[PDB]
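A short write-up of the structure that comes next.
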Amino acid sequence: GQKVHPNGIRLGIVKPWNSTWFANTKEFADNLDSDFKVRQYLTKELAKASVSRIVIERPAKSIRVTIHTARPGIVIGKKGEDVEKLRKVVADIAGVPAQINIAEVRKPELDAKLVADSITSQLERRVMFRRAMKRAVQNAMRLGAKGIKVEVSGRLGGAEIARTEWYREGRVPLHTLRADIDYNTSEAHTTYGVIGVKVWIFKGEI
Amino acid sequence: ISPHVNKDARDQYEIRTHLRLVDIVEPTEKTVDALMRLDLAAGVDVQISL
Amino acid sequence: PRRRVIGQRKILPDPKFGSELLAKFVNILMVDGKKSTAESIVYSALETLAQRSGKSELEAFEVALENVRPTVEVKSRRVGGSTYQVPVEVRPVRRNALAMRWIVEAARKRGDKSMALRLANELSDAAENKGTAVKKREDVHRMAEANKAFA
Amino acid sequence: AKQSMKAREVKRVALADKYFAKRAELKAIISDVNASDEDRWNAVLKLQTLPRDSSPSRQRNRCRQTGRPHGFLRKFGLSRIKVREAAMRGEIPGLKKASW
RNA sequence: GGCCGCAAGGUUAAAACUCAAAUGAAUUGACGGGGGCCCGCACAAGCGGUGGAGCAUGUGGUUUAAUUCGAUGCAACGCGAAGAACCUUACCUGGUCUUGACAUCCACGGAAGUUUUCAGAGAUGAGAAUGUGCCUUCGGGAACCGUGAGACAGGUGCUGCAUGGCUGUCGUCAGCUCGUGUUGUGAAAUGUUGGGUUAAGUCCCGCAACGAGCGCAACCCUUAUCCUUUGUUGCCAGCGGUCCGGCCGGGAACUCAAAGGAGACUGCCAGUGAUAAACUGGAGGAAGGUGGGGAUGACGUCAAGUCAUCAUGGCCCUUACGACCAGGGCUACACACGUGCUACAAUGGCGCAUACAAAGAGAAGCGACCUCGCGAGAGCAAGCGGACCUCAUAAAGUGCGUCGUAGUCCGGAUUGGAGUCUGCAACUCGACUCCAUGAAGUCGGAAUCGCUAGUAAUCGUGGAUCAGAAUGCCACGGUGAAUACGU
């Protein structure tokens with residue numbers, strides 16, 4: 001059977017939104033397109049700085065962006081320069097004054113986007129997928145998670161017939177709405193096609 | 001929710017808009033200055049009529 | 001059903017004469033969610049019948065029903081790839097229901113001008129003990145009598 | 001969709017913006033009840049003389065991200081598939097799954 | 001061949017040729033016109049339909065220059081398409097271009113608005129006006145336009161049996177597995193089986209098993225009963241005005257609006273039962289045994305659907321399978337099927353007069369009052385980004401007449417003549433209006449479908465897609481039934 005999106009089913013109960021503003025029917029489409037372009041540019045530019053979340057807010061007549069990362073040195077730059085460049089270009093794209101802020105990820109071993117990115121990079125570098133998955137599960141469980149699951153699908157190892165594999169540890173109760181479950185996905189491009197990766201992480205009930 | 005053909009598979013969404021009204025009758029000179037000087041959060045929309 | 005219990009649903013008495021039987025009769029005559037039409041038809045027919053018979057409406061109605069109520073019916077069974085018609089008894093509520101349904105079905109298939117006249121004529125014929133409803137009752141009794149060896 | 005099919009819409013929008021004022025009233029006096037006997041004959045002729053791509057009814061609403069010409073919602077500027085994806089990822093303020 | 005027998009036949013007993021297997025016992029599943037126990041609109045008990053007629057609409061076939069592509073037992077056929085006159089477009093006929101309709105690099109010349117000729121248009125040949133920012137720190141070409149050589153751009157072209165992502169179905173069925181211990185040479189087994197019980201692998205008690213994980217239930221939304229807080233654009237019990245209209249002063253009680261709270265737990269009484277889990281009745285309460293409805297889809301099955309929304313390995317074309325333009329087609333018509341609307345009447349048709357709703361939408365938008373037209377509409381022209389204005393009259397019902405069983409005062413296809421609106425343009429191929437014509441059909445063969453309560457049946461109202469085009473899709477309320485002995 002098909003399952004429902006873990007984050008979407010939980011928005012408004014235990015999960016927040018990634019965008020916050022109020023608009024009438026004349027501005028919704030334009031604001032959405034502007035946000036799409038902003039996020040696209042940022043993801044292209046900071047591809048090597050371990051980014052995991054971009055939060056966009058719009059006060060009266062300005063734009064405010066918050067970036068969550070695990071390598072602030074690269075983003076900030078020496079004596080605050082790269083952030084200035086990014087502010088300039090973001091203002092150019094958005095069309096109004098802009099402000100940029102940075103935030104820290106203490107432990108990239110408990111973040112669902114970063115684990116998926118790491119697995120995808122190793123798969124592109126031709127590591128064995130069983131090792132790639134076991135390492136992630138073990139580190140996550142060592143650093144204090146209450147449960148994790150990892151799934152990988154598509155022409156594994158070069159085989160002619162595709163497959164799907166997964167591993168689990170701990171608790172992952174997807175039917176309980178008061179549970180803090182983090183979820184994200186990523187793709188890998190190899191000489192034989194695409195490979196998909198999914199990660200579930202559990203941190204307790206609220 | 002399907003890309004091609006299935007017609008009985010659907011999702012339903014809604015957006016809610018909440019509304020509030022305040023009125024002040026006998027003001028002073030400084031109150032209007034403060035009210036026009038104030039600042040609010042990102043997701044709130046405010047309109048003032050004289 | 002298999003593992004259920006059926007409870008009675010409260011019925012409400014008719015306005016002028018407080019007759020649950022008459023409320024049921026109006027319900028059975030009713031069609032398409034319209035109740036006032038059926039009530040008007042029933043009251044008009046009952047009034048004309050009372051004028052014709054020189055007795056109370058309740059009494060005329062009860063005599064008509066008594067002349068059409070059944071007492072034994074036939075139920076089908078499958079044995080050895082064949083069909084048997086086993087005779088069985090009838091409960092009072094089922095008696096009432098069958099009588100009313102047969103009366104209405106007979107009335108609806110005549111050729112007078114209005115439904116009120118149809119119903120008045122049918123009820124009068126039933127009271128005199130002749131008509132399609134009594135024919136049906138006789139046929140049921142005969143078919144039950146023909147199969148007494150399978151009791 | 002195709003790149004050419006995407007370019008066509010840009011052309012149409014530009015021409016509509018260009019000739020809006022001319023088409024608006026200087027040519028639409030045909031509805032005037034006291035203009036003249038046949039000073040509107042020339043109006044109809046020189047209206048039809050203009051480019052065809054300048055009439056607003058030759059534009060089709062397409063999705064901004066993919067180009068799909070079916071299944072369009074005006075509130076969001078997107079098609080159903082992309083609306084669903086953005087909604088699940090959480091990028092449309094105020095939207096959630098509804099029940100009643 | 002030998003011996004025996006009346007005969008049927010008995011007894012001793014080979015070779016050539018052909019294959020890589022044939023066989024015994026036991027293990028996990030699946031199946032049985034084998035057995036036992038349970039469940040479900042599965043049968044039974046009832047109420048309306050489809051299969052015949054006319055007309056929407058989709059499909060097979062046939063036809064054509066083309067009738068563009070996909071889905072096609074249950075789980076395709078009002079399906080992708082929440083809306084094909086041009087455009088949309090993907091197909092056909094004809095006219096045209098080759099670094100390109102859409103991008104990054106090099107160089108050489110310059111700068112956007114008005115107007116006339118030939119073209120069906122694409123696209124070729126014409127005039128005057130214009131002088132910009134900047135470092136003018138001297139040319140920067142930064143902005144945009146035109147032209148030449150590639151490096152390249154482009155493909156709704158093929159493979160859904162090379163893939164990612166998303167979806168259908170068994171099925172909201174109660175199941176699917178692991179760690180350590182123990183048994184068997186082993187494939188495996190136990191636990192998960194047994195006595196009761198539940199909607200439920202729900203719970204209790206036993207037993208070489210002791211414990212966990214994904215599912216079940218709860219945490220979420222809405223509906224029904226009460227308390228507190230703030231009373232506008234909403235409300236009008238008591239007081240006074242009045243023009244008899246919440247219209248005025250006023251009031252914060254009630255209906256209502258959306259924020260914090262209380263309430264339902266087998267919690268209490270009796271009986272049955274293993275000192276058990278539970279079961280059958282009663283009291284009080286708005287509500288009683290998971291009170292009603294929704295969201296929520298386990299390990300897996302069908303090489304199930306989608307390269308045409310998107311992305312992507314391999315293959316293929318690149319003066320063409322890649323651009324641009326006018327006119328046609330997807331709307332064809334001997335015929336076969338699936339989903340619907342409207343009838344075949346008196347529980348009714350036509351005329352006049354009058355009760356009672358809920359939920360939604362509005363800026364290139366919704367559009368009142370007044371005047372003109374028999375009508376669809378037209379001309380002036382307030383208010384409204386809205387508990388304020390507009391859409392905007394609910395209909396079935398109720399009272400009084402008329403029709404009197406006729407293919408009719410029932411039904412409304414089809415056709416001629418006059419118009420209206422949106423749109424550059426309604427021939428092929430739009431929706432509405434008035435006058436006239438007035439078809440089949442009289443309850444539908446063998447088959448076959450939905451429904452257990454405010455449900456079925458019936459009557460009206462709104463919204464997305466949208467310049468214009470619903471009988472289809474998704475939502476809202478009014479009136480309101482019959483039956484369940486039983487497996």
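A, B, ... follow the sequence lines: proteins, then strands. Residue 1 opens every chain. Just the heavy atoms: all of them, side chains too, but no hydrogens, waters or symmetry mates, feed the values below.
- Judged by Watson-Crick and G-U wobble geometry, where both atom pairs must sit under 3.5 Å apart, E:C247 and E:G191 do not count as a base pair.
- Using a 4.0 Å heavy-atom distance criterion, D:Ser79 is classed as making no nucleic acid contact.
- Side-chain contact, C:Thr71 with C:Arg95: a donor N or O sits under 3.5 Å from an acceptor N or O.
- Counting non-hydrogen atoms under 4.0 angstrom, C:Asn27 reaches the backbone sugars and phosphates but no base.
- The six-membered rings of E:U116 and E:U117 are stacked: centre distance under 5.5 angstrom, interplanar angle under 30 degrees.
- Both conditions, centre separation below 5.5 angstrom and plane angle below 30 degrees, do not jointly hold for the six-membered rings of E:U266 and E:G267.
- Adjacent nucleotides E:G155 and E:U156 fail the stacking criterion: their six-membered base rings are not both under 5.5 Å apart at the centres and under 30° between the planes.
- For the criterion of Watson-Crick or G-U wobble pairing, both bonds shorter than 3.5 Å, the nucleotides E:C79 and E:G179 do not count as partners.
- Geometric assessment of A:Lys149 against the ring of A:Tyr167 yields a negative cation-pi assignment under the 6.0 Å and 45° thresholds.
- Comparing E:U50 with E:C451, their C1' atoms sit 16 Å apart, to the nearest whole Å.
- Closest to the side chain of C:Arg4, from the set E:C41, E:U483, E:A396, is E:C41.
- E:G95 and E:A121 have their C1' atoms separated by 9 Å, given to the nearest Å.
- Residues D:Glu9 and D:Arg60 are not paired through a salt bridge, judged by the lack of any N-O separation under 4.0 Å between the basic side chain and the carboxylate.
- Under a 4.0 Å N-O distance rule, the pair D:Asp32/D:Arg40 does not qualify as a salt bridge.
- E:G379 sits 31 Å from E:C352 when the P atoms are compared, rounded to a whole Å.
- Across all strands shown, E:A276 remains unpaired; no Watson-Crick or G-U wobble contact has both distances below 3.5 Å.
- Using a 4.0 Å heavy-atom criterion, one finds that B:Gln12 contacts the sugar-phosphate atoms exclusively.
- A tilted orientation is assigned to the rings of A:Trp200 and A:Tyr183, their planes being inclined by 30° to 60°.
- Stacking between E:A440 and E:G441 holds, as the six-membered ring centres sit under 5.5 Å apart and the ring planes differ by under 30°.
- A canonical Watson-Crick pair (purine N1 to pyrimidine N3 plus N6-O4 or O6-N4) or a G-U wobble (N1-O2 and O6-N3), each contact under 3.5 Å, is absent between E:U319 and E:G139.
- Backbone-only contact: A:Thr191 has heavy atoms under 4.0 Å from sugar-phosphate atoms and none from a base.
- Of the candidates E:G46, E:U89, E:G80, the closest approach to any side-chain atom of B:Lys7 belongs to E:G80.
- Closest to the side chain of D:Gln3, out of E:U306, E:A482, E:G154, is E:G154.
- For the neighbouring bases E:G360 and E:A361, a stacking contact is recorded, both ring-centre distance under 5.5 Å and ring-plane angle under 30° holding.
- If you check E:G401 against E:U479, you find neither a Watson-Crick nor a G-U wobble pair with both contacts below 3.5 Å.
- Within 4.0 Å of C:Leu29, counting heavy atoms only, lies at least one base atom of the nucleic acid.
- In this structure, D:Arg64 pairs ionically with A:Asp30, as a charged nitrogen and a carboxylate oxygen lie closer than 4.0 Å.
- A:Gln2 comes within contact range of at least one nucleobase, with a heavy-atom separation under 4.0 Å.
- Among the protein residues, B:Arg20 comes within range of the sugar-phosphate backbone only, with heavy atoms under 4.0 Å from sugar or phosphate atoms but none that close to a base.
- In this structure, E:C315 forms no base pair with E:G181 under the Watson-Crick or G-U wobble definition at 3.5 Å.
- Pair assignment for E:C341: E:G54, on the basis of Watson-Crick or G-U wobble contacts that are both within less than 3.5 Å.
- A Watson-Crick or G-U wobble pair links E:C170 with E:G300, both defining distances under 3.5 Å.
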